[PDB]
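# Examination of the molecular architecture
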Amino acid sequence: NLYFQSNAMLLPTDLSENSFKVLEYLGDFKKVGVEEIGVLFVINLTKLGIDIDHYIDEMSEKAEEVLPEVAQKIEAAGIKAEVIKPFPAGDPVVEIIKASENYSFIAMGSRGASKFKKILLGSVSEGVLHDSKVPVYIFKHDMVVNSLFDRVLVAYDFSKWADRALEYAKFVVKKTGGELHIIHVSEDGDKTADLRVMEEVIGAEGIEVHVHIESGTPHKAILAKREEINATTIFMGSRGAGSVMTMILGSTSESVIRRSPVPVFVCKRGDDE
Ligand SMILES: Nc1ncnc2c1ncn2[C@@H]1O[C@H](COP(=O)(O)O)[C@@H](O)[C@H]1O
Ligand SMILES: [Cl-]
Ligand SMILES: [Cl-]
Ligand SMILES: [Cl-]
Ligand SMILES: [Cl-]
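How each quantity is defined
Residues numbered from 1 in each chain as written, not as in the entry; some residues may be left out. Chains lettered and ligands numbered in written order. Heavy atoms only, no water. UniProt positions renumbered as here; feature names shortened; annotations may be inferred. Helix = DSSP H or I, 4+ residues; strand = E, 2+ residues; numbered from the N terminus. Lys, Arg positive; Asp, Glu negative; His and termini not counted. Charge placed at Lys NZ, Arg CZ, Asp CG, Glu CD. 1 Å grid on protein atoms, 1.4 Å probe; cavity = no way out; pocket = protein on both sides within 12 Å on 5 of 7 lines; lining within 4 Å. Points joined across faces, edges and corners; volume = space filled by probe spheres on them. Nonpolar A, V, L, I, M, F, W, Y, C, P; charged D, E, K, R; others polar. Domains from an automatic or database assignment. Salt bridge = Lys/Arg side-chain N within 4 Å of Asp/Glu carboxyl O. Buried < 20%, exposed > 50% of the residue type's maximum accessible area, 1.4 Å probe, protein only. Contact = heavy atoms within 4.5 Å. Buried area = accessible area lost by both parts, 1.4 Å probe. Polar contact = N/O pair within 3.5 Å; in protein donor to acceptor, adjacent residues only side chain to side chain. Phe/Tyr/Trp six-rings, centres within 6.5 Å; stacked < 30°, edge-to-face > 60°. Patch = residues over 30% accessible without salt bridge, like charges linked within 9 Å, V, L, I, M, F, W, Y side chains within 5 Å. Areas by Shrake-Rupley, 256 points an atom, 1.4 Å probe, with all protein chains shown as cover. Near = heavy atom within 4 Å. Sits in = over half its atoms within 2 Å of the grid points.

Determination of this PDB entry was carried out by X-ray crystallography to a resolution of 2.320 Å, according to the record.

Where the PDB entry is consulted, the protein chain appears under the name universal stress protein, with the organism given as Archaeoglobus fulgidus. Looking at the Sequence similarities (unreviewed entry) heading of the UniProt record, one finds this comment for the protein chain: "Belongs to the universal stress protein A family."

Shown next as C-alpha cells:
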C-alpha cells in the first residue's frame, strides 16, 4: 500500500484551541507524505429559542475571520491547503464522516472530556471515531512535535484492525528511522510465542522492533508502557462495535485516547474490508 504516501488529510475544526493542536505537527506529517489538507468547519445546528439563519451567518463570519490563518499556517509548512466550502450546516459528526470519503485520514483534536462529560454534552471526536472508515488521529498536546514517529507504540491483538495499525506503524518507522514497539495485553489465551516470532521477523525486515507482553486492564497496560519506553505516539485498531454510548463507556480506545499525553492514531478497517 501507499499509507500516508501522497495523503490528503481531513482536518475538522470548530475554531477551538484544541482543534488547532494538529497544526503544531505539520512538519511531522509532511515528512511522511501528507501533501494536502482539507480544512472543514461545520455550522453545528445540532445544539439548537433563537433564529437559525442569523446563526449560519454569525458562524460563517467567525470561520472566515479565522480559517485563513489556518490556511496560512498550512501553506507555510509547504503543504497544500483547501478551506472546504461552502460550510456544511448540520451535525458535525455526520458532516465530518461524509467529507472523509474524499481523504486518506482524519486528524482532529479533542477536549479530553471525561466519560461523563462526553455522554452529557456530546463528543464529536468519539462520534467520528465510532463511524469513520478512514483512520482517525487524535491530537490534544504538543509534547512531541518534530518527534511524532520516533517511538511508535502499537497496541496489537492480531485483529484485522490491529494488523492494519501495525502496517501504518511499520511504514512511518521505516520513513523516519525510529523504533517500533508492540504491546499485547492478555491474562492468557497465550499468543506470546507468535508475538516473539513476529519481533524476530520484523527485525529481519530491517526495522528496530521491541515486543511487550503485558497483563491487566488493557488501557492501563498500554499507557503504562507508553510511559515506560517514552513512546511518541500510540497506534491502535478499533472495530467500532456497539453504539457511541458503548464505546465511550467501556472501550479501550476512549480511555487510552483520553489519558494519553501523545497523539493516538486509530485504524478503522482491515486491509481486506
Ligand atoms: N462544528 C464543528 N466543525 C468541525 N469540527 C468540529 C466541530 N465541533 C467539533 N469538531 C471537532 O471535534 C473536536 C472536539 O472533539 P470532542 O471534544 O470529542 O467534541 C474538535 O477539535 C474538532 O476537531
Ligand atoms: Cl492488546
Ligand atoms: Cl481497557
Ligand atoms: Cl478524549
Ligand atoms: Cl497529544
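A word on the overall build of the protein chain. Each helix and strand counted, the protein chain has 11 helices and 12 strands in total. Seen through its C-alpha atoms, the protein chain measures out along the principal axes to roughly 65 × 40 × 35 Å. On the protein chain, the mean spot of the 31 positive side-chain charges and the mean spot of the 42 negative ones are 2 Å from each other.

A few words on the layout of surface pockets. The space that makes up the largest pocket amounts to roughly 890 Å³. Listed by contribution, the elements that provide at least two residues to the lining of the largest pocket are helix 1 (17–20), strand 3 (43–44), helix 3 (54–76), helix 4 (92–100), strand 6 (105–109), helix 5 (115–121), helix 6 (124–131) and helix 10 (244–250). Looking at side-chain class alone, the lining of the largest pocket contains 19 nonpolar, 12 polar and 6 charged residues. Residues lining the lining of the largest pocket come from more than one domain, with at least three contributed by each of domain 1 (1–144) and domain 2 (145–273). Of the pockets and cavities examined, the second largest pocket occupies roughly 460 Å³. Lining the second largest pocket are 23 residues, with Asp157, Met236, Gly237, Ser238 and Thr252 positioned closest to its centre. Where the lining of the second largest pocket is concerned, the elements lending two or more residues are helix 7 (160–176), strand 9 (179–185), helix 9 (218–228), strand 11 (233–237), helix 10 and helix 11 (252–259).

Throughout the structure, instances matching the rule amount to 11 salt bridges. Taking the shortest distance from any N to any O, the salt bridge between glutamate 214 and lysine 225 comes out at 3.8 Å. One end of the pair, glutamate 214, is in strand 10 (residues 209–214); the other, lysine 225, is in helix 9, and 11 residues separate them in sequence. For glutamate 214, a relative accessible area of 28% translates into the label partly exposed. Note on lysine 225: relative accessible area 6%, which makes it buried.

By the assigned domains, the protein chain splits into domain 1 (1–144) and domain 2 (145–273). The distance between the C-alpha centroids of domain 1 and domain 2 comes to 24 Å. Contacts between the two partners involve 31 residues from domain 1 and, on the opposite side, 39 residues from domain 2. Between domain 1 and domain 2, roughly 3400 Å² of surface is buried when both sides are summed, and carbon and sulfur atoms account for 64% of that area. Between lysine 118 and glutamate 254 there is a salt bridge, with the nearest N and O atoms lying 2.8 Å from each other. Summed over the shared surface of domain 1 and domain 2, the number is 20 residue pairs in polar contact.

The next thing to look at is the environment of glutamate 200. As for its position among the elements, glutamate 200 is in helix 8 (residues 192–204). In this structure, the C-alpha to C-alpha distance between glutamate 200 and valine 211, residues 11 residues apart in sequence, is 9.4 Å.

As a further point, take empty space enclosed by the protein. Approximately 40 Å³ is the volume attributed to the largest cavity. What lines the largest cavity is simply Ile138, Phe139, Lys140, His141, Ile257, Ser260, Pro261, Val262, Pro263 and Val264. Each residue belonging to the lining of the largest cavity can be placed in one class, and the counts come to 7 nonpolar, 2 polar and 1 charged.

A word on the packing of aromatic side chains. The description of two aromatic rings rests on the distance between their centres and on the angle between their planes. This model, assessed by the stated rule, comprises 18 aromatic pairs. Both rings, one in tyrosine 156 and one in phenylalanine 158, keep their centres 4.9 Å apart while their planes meet at 65°; by these two values the pair is edge-to-face. The buried category is assigned to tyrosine 156, whose relative accessible area is 6%. Cluster of aromatic residues (ring-pair linked, three or more members): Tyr3, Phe4, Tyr25, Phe29, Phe105, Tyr137, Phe139, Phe149, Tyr168, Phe171, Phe235 and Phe265.

Attention now goes to a nonpolar patch on the surface. On the surface, a nonpolar cluster with roughly 310 Å² of combined accessible area is contributed by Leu48, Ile50 and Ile52. Position of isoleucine 52 relative to the elements: it lies in the loop between strand 3 and helix 3. By relative accessible area, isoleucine 52 is classed as partly exposed at 49%.

Let us now look at the site of ligand 1. Around ligand 1 lies a shell of 16 residues, among which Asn18, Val42, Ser123, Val124 and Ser125 are the nearest. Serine 123 is positioned such that a nitrogen or oxygen atom in its side chain is 2.6 Å from an oxygen atom of ligand 1. With respect to ligand 1, the backbone of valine 124 contributes an N or O atom lying 2.9 Å from an oxygen atom. In isolation ligand 1 exposes 490 Å². Once the protein is present, 94% of that is buried. According to the grid-proximity analysis, the pocket containing ligand 1 is the largest pocket. Taken together, the elements giving at least two residues each to the shell around ligand 1 come down to helix 1, helix 4, strand 6 and helix 6. Its residues assigned to classes, the shell around ligand 1 comprises 7 nonpolar, 7 polar and 2 charged.

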